[PDB]
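Understanding the architecture of this molecule
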There are 4 protein chains.
Amino acid sequence: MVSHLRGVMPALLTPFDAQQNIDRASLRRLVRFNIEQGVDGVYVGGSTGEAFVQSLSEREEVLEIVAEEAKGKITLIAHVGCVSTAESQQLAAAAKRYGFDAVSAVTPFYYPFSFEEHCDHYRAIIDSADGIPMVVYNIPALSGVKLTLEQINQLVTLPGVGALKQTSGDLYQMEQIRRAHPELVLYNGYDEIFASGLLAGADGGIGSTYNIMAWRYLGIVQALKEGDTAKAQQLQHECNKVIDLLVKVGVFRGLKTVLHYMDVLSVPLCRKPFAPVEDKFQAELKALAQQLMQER
Amino acid sequence: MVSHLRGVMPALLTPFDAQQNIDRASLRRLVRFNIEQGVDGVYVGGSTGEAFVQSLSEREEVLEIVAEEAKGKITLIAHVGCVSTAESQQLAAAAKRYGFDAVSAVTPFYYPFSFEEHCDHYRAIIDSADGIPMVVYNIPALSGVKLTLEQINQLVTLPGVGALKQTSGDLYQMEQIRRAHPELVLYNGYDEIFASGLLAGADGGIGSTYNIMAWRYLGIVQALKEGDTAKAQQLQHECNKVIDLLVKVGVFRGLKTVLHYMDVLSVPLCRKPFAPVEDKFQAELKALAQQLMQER
Amino acid sequence: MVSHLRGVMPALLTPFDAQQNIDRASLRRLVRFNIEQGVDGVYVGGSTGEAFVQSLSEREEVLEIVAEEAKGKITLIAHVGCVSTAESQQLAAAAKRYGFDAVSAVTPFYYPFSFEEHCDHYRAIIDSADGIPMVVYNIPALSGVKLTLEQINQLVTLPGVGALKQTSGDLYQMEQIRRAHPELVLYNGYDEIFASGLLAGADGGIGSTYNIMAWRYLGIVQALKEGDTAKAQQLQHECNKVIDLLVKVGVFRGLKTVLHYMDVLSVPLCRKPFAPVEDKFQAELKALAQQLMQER
Amino acid sequence: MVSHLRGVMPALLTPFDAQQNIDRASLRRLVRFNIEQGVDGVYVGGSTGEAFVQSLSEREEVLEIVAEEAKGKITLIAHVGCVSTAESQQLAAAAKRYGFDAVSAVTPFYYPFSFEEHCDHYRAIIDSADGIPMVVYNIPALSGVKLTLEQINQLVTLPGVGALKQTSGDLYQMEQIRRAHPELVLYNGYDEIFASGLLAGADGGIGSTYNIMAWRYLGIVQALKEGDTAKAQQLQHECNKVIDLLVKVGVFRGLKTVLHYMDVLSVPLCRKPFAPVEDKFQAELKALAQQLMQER
Ligand SMILES: [Cl-]
Ligand SMILES: [Cl-]
Ligand SMILES: [Cl-]
Ligand SMILES: [Cl-]
Ligand SMILES: [Cl-]
Ligand SMILES: [Cl-]
Ligand SMILES: [Cl-]
Ligand SMILES: [Cl-]
Ligand SMILES: [Cl-]
Ligand SMILES: [Cl-]
Ligand SMILES: [Cl-]
Ligand SMILES: [Cl-]
Ligand SMILES: [Cl-]
Ligand SMILES: [Cl-]
Ligand SMILES: [Cl-]
Ligand SMILES: [Cl-]
Ligand code: NA
Ligand code: NA
Ligand code: NA
Ligand code: NA
Ligand code: NA
Ligand code: NA
Ligand code: NA
Ligand code: NA
Ligand code: NA
Ligand code: NA
Ligand code: NA
Ligand code: NA
Ligand code: NA
Ligand code: NA
Ligand code: NA
Ligand code: NA
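Listed as the method for this PDB entry is X-ray crystallography; the listed resolution is 2.10 Å.

Here it is in structure tokens:
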């Protein structure tokens, strides 16, 4: 019923300009760039999208622009999650108006909420999504919400939930989820274990580093499907060499900087309090961009 | 230079109406109620104020209303903190325009920031505060940011920082901070250890339960000053009986409900995804309100 | 029924010789030294006693020596806890034979045990203690066992349990325990919050730094009893200056080194893998010993 | 130089009798049973071996018995780790006398040790091992020691270290270790992610559930080598159905109970404070044993 949601989808970055306003022109180029990488969809306004340093009107603006460029070409998932249920509902209804294929919401964070409150939160957003499915988004490292398997089981069986974005390194739990829900769309969230996450039960992934090297992750899926165990390991080895660097420099700004050297983004800035990239990393980030372009 | 910031100050709740909009009339009554409890100041738009389910315009609206009722009567501290530095700066400049005595900012959260990024974040807000001092706000349990003593030492010595709101149960660290900064204004943040936090080095406190029983905390300060060890323990014992209940029912909504039964708030609702109080707790919450009113 | 267990009791260190065997002569001097500090008792074979790098026969040897020097002079508590229930029972029966006033056992650790298994573990040790009361020992930072209030409530109401050694910095929980068990003997375990822990509900303490400056902690009890709030804070301030140093140098070996400079221990070594004190700290540790001796 | 250490090796359980003494006859049958499963080696006296509820003489007794049955047939690794360095050295020298192929030591736990102290601890044990290589054993969930990649890098390059037993679910770190040490023998420690751990870089595994179904894990290695991605996932799916049950009943006692129903162990008891299996699980554990025997 929602198998059209399976696949490999970049967590879209939100380009900003030299004054940290939204860079609309570069955003549109970034969407077309990802489309031309062969991805199955894009995930807009997520953690990687710097959602939580943007206003609601800014996030809606980004959602509508992406729909203009991508609707009917690749799958469109709108991350609508806020701490506030009402704010999340507003973005869900906007995503519906704009033609998105699905919505998604991080577990509301900062304040402790009971599990029933989390459930009611998802139900309300599903209501406002007005018929497009919900992608539950579990990211314990950032949210501080550590859901049990049984809690995950209750969320992904809520009426309206069509998928789970599982940004967790616990691949025992990944397998348990697959075994309990053989048909669930299950995205691996940590790029650095993509190959192992697929083997454990994920049938796709949503990741930030897909914005600069989606073909590698698409290649890992293909290798595992074909039985080329060694090819999958070698691709993941190269992916993690890049992730090691991005972690050193700062992930979001490192990816924006690589995309700038690939002539995709005019300005590679993140919003404060993210600092700019340190000058001493620029040489290696440019070399990475050139390597990746030649790799294609 | 900033000793006028010392004392006992409620973490102001933000009243909402039956549709979860800001209840401006009840907010104004809540400010006057707290003033008439004898508090030294109020802390507006903090964690207890449900800041992170409100928009910037909503938070500014609350700041200005509180300044109208309280400026020149009690000390006014504006919690301006957001994840975004620019958003925090906007609220800092607003707080300055409205006549606040100080600003405050939680450590930016959800995303991991380096310590230098945290420092630069506070510097930027201090700049926008345009001459009123900054109250660094440390709440590891909710922020996920666990600052070391040495990091706290660097923040509270930033030019412009006049105080620390220490919402931590580590009273070794509390004492270390007092010993390193004998003149620092140092607020105990966990009401349930108020008496022990003062003994460890705090010279005041900012707390959510002060909204319904500030005289008890004022009484603890007095007992310790006078040497009545037993009186302080007995007051804290009674404070924690109340905190036990509020934790059972949900703290914010429990306090709003007690204030509703005290004829301060017309509507005791928190914003979703906070649920309403369960009916089975109403009897005990009303009895608590009556007890507290008679206690005065 | 067990009020004779209340008070201030050093966590006895276990002296070793230049080859890391038990130094029996220095152990006997350490017991008499602590007695002559005015302490209410001693706690033998605990965490501070390096119990978990000693064999059962070594621990029994230490228990019997201490009983020889201290029985009938000060209260004698034997820490008998091991991971193994049978091993703990052997030390409990030994402590009974040797004339101890009480036994104690850390929550068994390394392996995860259910709460019922923890309860049954204490019951078995209580049985082998053959009529002397049990001191439950909660030290989450080292054991990895974080007991809830309700679990603590069930343990301290087990038949045979006469006290709780609460080595936790959560002074909300400390107060909750006091309020639930107004007669329970409740030892503050973290010396660096002694004064705040007493105010929160502890009626005594068991601590490692008591071995070199028990009079300070005895002085804090007296100050709080007399209502001298400032004196308690000043004593704790000085205690924590010492704890800061001991943490820098290594706590156990730092205390053994101070005691060596006080002519109590012939050799200040801990067992491997504890390293020896670094030469650069020796000057300050000797100065501390001289300061403490002159302080008396 | 130490490639003879690669492979799939059960974490040997230590059989006990009805009075919880070592069951020597059943131990000898368990060794031969594992040999006849086709394993590459056995890991003796580890966490699964209930090492930390046994004395040194008991552990030496088990080491020597296993060497008698297995030396020259399969690879022999002796887990010699204690908190005490001297105790670990005693077991290392014993393992050398008995003809073991390697020693291993968990990171010393309960007390906090500096990283240099950990390094010196391994060096001392390596010295006492007198020429057989060391298998560093990292199990953060039980030890409370969370080693960084850089710390792991320094340990596995110590002279004498030939392998790493990586009982961690972080398969980013697993890959980082493989990439940094392309020749290191690297055991996956969590059976429930075996297939994903191999894909991430492990070249073998040491696991407790191997004692009852080693052929499955051997089958996963073969599937991945042959490129049968689906077969590996299906075997791991079945392995985790069993692990789910064992976690419900208690892992060690569940495995001992399955082995009892397989006529390998005469008595399936663990030492207190491990409780016995609850009667309500016996039916399912016997059915599992029969299933596994028929599976062969
Ligand atoms: Cl374009
Ligand atoms: Cl538009
Ligand atoms: Cl929850
Ligand atoms: Cl539900
Ligand atoms: Cl009014
Ligand atoms: Cl207004
Ligand atoms: Cl930080
Ligand atoms: Cl700085
Ligand atoms: Cl003497
Ligand atoms: Cl003797
Ligand atoms: Cl437990
Ligand atoms: Cl019980
Ligand atoms: Cl046999
Ligand atoms: Cl033998
Ligand atoms: Cl460490
Ligand atoms: Cl080293
Ligand atoms: Na940008
Ligand atoms: Na698609
Ligand atoms: Na989450
Ligand atoms: Na991913
Ligand atoms: Na309200
Ligand atoms: Na004031
Ligand atoms: Na914080
Ligand atoms: Na407070
Ligand atoms: Na010594
Ligand atoms: Na006594
Ligand atoms: Na404990
Ligand atoms: Na203490
Ligand atoms: Na057994
Ligand atoms: Na072998
Ligand atoms: Na470890
Ligand atoms: Na394994």
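Let us keep going from here.
**Overview of the coordination of the sodium ion (ligand 26)**
A metal bound by six donors in octahedral fashion has ideal angles of 90 or 180 degrees, whereas one bound by four tetrahedral donors has an ideal angle of 109.5 degrees. All names here are of chain C. In this structure, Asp-40 (O) and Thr-75 (OG1) serve as the protein donors to the sodium ion (ligand 26), at separations of 2.3 Å. With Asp-40 in the loop between α1 (24-35) and β2 (41-44) and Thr-75 in strand β3 (residues 75-79), this pair connects stretches of sequence that are 35 residues apart. The exposure class of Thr-75 is buried, given its relative accessible area of 12%.

**Quick word on the interface of chain B and chain A**
Taken together, the 31 residues of chain B in the interface contact 31 residues of chain A. Summed over both partners, the interface of chain B with chain A comes to about 2,300 Å²; 65% of that surface belongs to carbon and sulfur atoms. In terms of surface lost to chain A, no three residues of chain B exceed B:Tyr110, B:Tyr111 and B:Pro273, which account for 36% of the buried area on that side. If you look at where chain B meets chain A, you find two salt bridges. Across the pair B:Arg253 and A:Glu117 runs a salt bridge whose closest N-O atoms are separated by 2.9 Å. Remark: the boundary between chain B and chain A carries twelve residue pairs in polar contact. For the side of chain B that touches chain A, the secondary structure elements donating two or more residues are α3 (85-98), α4 (115-129), α5 (140-143) and α11 (251-261) of chain B. For the side of chain B that touches chain A, the residue count by class is 18 nonpolar, eight polar and five charged.

**What about the relation of the copies chain A and chain D?**
Once turned by 180° and shifted 0.0 Å along the axis, chain A lies on chain D with an RMSD of 0.0 Å. Here the symmetry operator amounts to a two-fold rotation axis.

**Here we look at the pattern of salt bridges**
Inspection of the entire model under this criterion finds 64 salt bridges over all chains. B:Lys241 serves as the salt-bridge partner of B:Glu238, at 3.1 Å between the closest nitrogen and oxygen. Taken as a pair, B:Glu238 and B:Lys241 lie in helix α10 (residues 229-249) at a separation of three residues, close to a single helical turn. Taking the relative accessible area as the measure of exposure, B:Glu238 reaches 21% and is therefore partly exposed. Note that D:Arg6 and D:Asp203 form a salt bridge whose closest N and O atoms lie 2.8 Å from each other.

**Some thoughts on the sheet that holds strand β2 (residues 41-44) of chain A**
All names here are of chain A. Strand order in the open sheet formed by eight strands is β1-β8-β7-β6-β5-β4-β3-β2, with parallel pairing between adjacent strands. Bordering the open sheet on either side are β1 (8-10) and β2, each of which pairs with just one other strand. The average undirected angle you get between the axes of adjacent strands in this sheet is 25°. Judged from the three bridges that link them, β1 and strand β8 (residues 204-207) form a sheet pairing that is parallel. Following the sheet pairing, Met-9 is matched in β8 by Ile-206. Across the face of the sheet, helix α9 (residues 210-226) comes into contact with β1, β7 (185-188) and β8 while running at roughly 170° to β1.

**Remarks on the UniProt feature "active site" (unreviewed entry) in chain A**
The residues that UniProt annotates with the feature "active site" (unreviewed entry) are A:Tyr137 and A:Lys165. For this annotated set, covering 29 residues, all C-alpha atoms fall within 4.7 Å of each other, a compact arrangement in space. With respect to the helices and strands, the residue A:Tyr137 is situated in strand β5 (residues 134-138). Taking relative accessible area as the criterion, A:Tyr137 reaches 1% and is therefore assigned buried. Setting aside anything within four residues of it in sequence, one finds A:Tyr137 in contact with A:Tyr43, A:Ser47, A:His79, A:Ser104, A:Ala105, A:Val106, A:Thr107, A:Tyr122, A:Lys165, A:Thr167 and B:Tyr110. We classify A:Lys165 as buried; its relative accessible area is 5%. Leaving out residues up to four positions away in the same chain, A:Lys165 has contacts with A:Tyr43, A:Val135, A:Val136, A:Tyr137, A:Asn138, A:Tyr187 and A:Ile206.

**Remarks on the UniProt feature "binding site: aceneuramate" (unreviewed entry) in chain A**
All names here are of chain A. Mapped onto this numbering, the UniProt entry gives "binding site: aceneuramate" (unreviewed entry) at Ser-47, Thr-48, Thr-167, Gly-189, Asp-191, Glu-192 and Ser-208. Its place among the elements puts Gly-189 in the loop between β7 and α8 (194-200). Residue classification places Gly-189 among the buried residues on the basis of a relative accessible area of 12%. For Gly-189, the residues in contact, after removing those within four places along its chain, are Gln-166, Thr-167 and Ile-206. You can see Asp-191 is positioned in the loop between β7 and α8. Discounting residues that sit within four places of it in the chain, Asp-191 has contacts with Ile-206, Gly-207, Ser-208, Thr-209, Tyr-210, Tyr-217, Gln-236, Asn-240 and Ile-243. Within the structure, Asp-191 has its side chain in polar contact with the backbone nitrogen of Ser-208 (distance 3.5 Å).

**Here's the deal with the coordination of the sodium ion (ligand 28)**
Residues and elements named next belong to chain C. Binding of the sodium ion (ligand 28) to the protein goes through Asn-188 (O), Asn-188 (ND2), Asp-191 (OD) and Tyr-210 (OH), at separations of 2.7 to 3.2 Å. Site description for the sodium ion (ligand 28): donor spacing in sequence, N-x2-D-x18-Y. There is no split in this pair, since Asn-188 and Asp-191 are both buried.

**Regarding the sheet that holds strand β1 (residues 8-10) of chain C**
Residue and element names in this part refer to chain C. The parallel open sheet is built from eight strands, whose spatial order is β1-β8-β7-β6-β5-β4-β3-β2. Since the sheet does not close on itself, it has two edges, and those belong to β1 and β2, each with one partner. Shown here is a sheet whose adjacent strand axes are inclined to one another by a mean of 25°, direction ignored. Alignment of β3 against strand β4 (residues 102-106), held across three bridges, turns out to be parallel. In the sheet register, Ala-78 faces β4, and the bridge partner there is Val-103.

**A word on the relation of the copies chain B and chain A**
Copy one and copy two of the chain differ by a rotation about a common axis and a shift along it. When chain B is fitted to chain A, the residual RMSD is 0.0 Å, and the transformation amounts to a turn of 180° plus an axial shift of 0.0 Å. Comparing interface residues between copies, 100% of those in chain B also lie at the interface in chain A; the contact surface is shared.

**Quick notes on the packing of aromatic side chains**
Residue and element names in this part refer to chain C. For the structure shown, the criterion picks out 58 aromatic pairs over all chains. Ring geometry for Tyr-210 and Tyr-217: centres 4.6 Å apart, planes at 35°, overall tilted. We classify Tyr-210 as buried; its relative accessible area is 0%.

**A look at the packing of helix α9 (residues 210-226) of chain D against helix α12 (residues 282-295) of chain D**
Residues and elements named next belong to chain D. Where α9 meets α12, the closest approach of the two axes is 11 Å, and the angle between their N-to-C directions is 40°. Put simply, α9 runs oblique to α12. Like other packed secondary-structure pairs, α9 and α12 cross with a definite hand, here left-handed. Contacts between α9 and α12 involve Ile-212, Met-213, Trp-215 and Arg-216 on the former and, on the latter, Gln-291, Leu-292 and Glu-295. Residues belonging to the contact of α9 with α12 are distributed by class as follows: four nonpolar, one polar and two charged.

**Considerations on α9(D)**
When the local axis directions of α9(D) are compared, the greatest deviation, roughly 30°, occurs at D:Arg216. Just past α9(D), the residue D:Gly227 takes up positive phi, approximately 90°.

**Focus on the pairing of β2(A)**
All names here are of chain A. Of the two faces of β2, the one holding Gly-41 and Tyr-43 and the one holding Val-42 and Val-44 are both buried throughout. Judged from the four bridges that link them, β2 and strand β3 (residues 75-79) form a sheet pairing that is parallel. Along β3, the bridge assignment pairs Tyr-43 with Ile-77. As for the winding sense of the linkage, the β-α-β connection from β2 through helix α2 (residues 56-70) to β3 is right-handed.

Quick notes on the rules
Residues numbered from 1 in each chain as written, not as in the entry; some residues may be left out. Chains lettered and ligands numbered in written order. Heavy atoms only, no water. Residues with missing side-chain atoms left out of burial classes, pairs and counts. Donors = N, O, S within 2.8 Å, 3.2 Å for Na, K, Ca; no water. Helix = DSSP H or I, 4+ residues; strand = E, 2+ residues; numbered from the N terminus. Buried < 20%, exposed > 50% of the residue type's maximum accessible area, 1.4 Å probe, protein only. Contact = heavy atoms within 4.5 Å. Buried area = accessible area lost by both parts, 1.4 Å probe. Salt bridge = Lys/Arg side-chain N within 4 Å of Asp/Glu carboxyl O. Polar contact = N/O pair within 3.5 Å; in protein donor to acceptor, adjacent residues only side chain to side chain. Nonpolar A, V, L, I, M, F, W, Y, C, P; charged D, E, K, R; others polar. Least-squares fit on C-alpha atoms. Pairing = 2+ DSSP bridges. Axes fitted to C-alpha atoms, helices over the stretch in contact; angles between N-to-C directions. UniProt positions renumbered as here; feature names shortened; annotations may be inferred. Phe/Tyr/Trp six-rings, centres within 6.5 Å; stacked < 30°, edge-to-face > 60°. Parallel < 35°, antiparallel > 145°, perpendicular 65-115°, else oblique. Left-handed = near helix turned anticlockwise from the far one by under 90°. Bend = angle between axes of the 7 residues up to and from the residue. Right-handed = clockwise from strand over helix to strand, strands pointing away.

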